[PDB]
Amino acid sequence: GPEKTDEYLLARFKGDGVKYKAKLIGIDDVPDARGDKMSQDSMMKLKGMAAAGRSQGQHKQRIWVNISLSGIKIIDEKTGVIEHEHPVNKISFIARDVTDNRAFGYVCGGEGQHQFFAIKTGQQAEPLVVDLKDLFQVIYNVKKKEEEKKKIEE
């Protein structure tokens, strides 16, 4: 199909952007802004905790993952309340889960406050992961355009 463009992505993510059905596996403090191994270690800890909680009758919270130029919003499915919100410039890393096509996570937070959010997607995680890649790419693209913009101004 048609290759993506900056303009297509700006239209896709502006305003309310897009959203996906998911469940929150958990949230973990992590030492670094980025890293595959760190992210997977955190995913495995949180999945272990979720399995323990599930053996005691608990359930993962049902959520919407909302992706827009405003960043990521975690929204409670039942109430519609925004539980968590991170702007684009406070999300540092997107992790795939090599054990689970229906899981992914992201590291977010300012310095010294890195946290891994582990998400169990209702469908395949990949489209959501690709949306995050595209979101970051188009914001980066636009900013570098308006930088080359100003180096030519003088």
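Numbers follow the displayed sequence, beginning with 1.
Stretches 93-101 and 51-59 differ in mean C-alpha B factor, with the higher average recorded for 51-59. According to the PDB record, 145-153 carries the higher mean C-alpha B-factor of the two stretches 4-12 and 145-153. When the CA B factors of the chain's modelled residues are split into thirds, the value for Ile74 lands in the middle one.
Annotation for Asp29: CA B-factor lies in the lowest third of the chain's modelled residues.
For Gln115, the recorded CA B-factor ranks within the lowest third of the chain. Only modelled residues enter the ranking. Ranked against the other modelled residues of its chain, the C-alpha B-factor of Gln124 as given in the entry falls in the highest third. Sorting the modelled residues of the chain by their CA temperature factor places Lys23 in the middle third.
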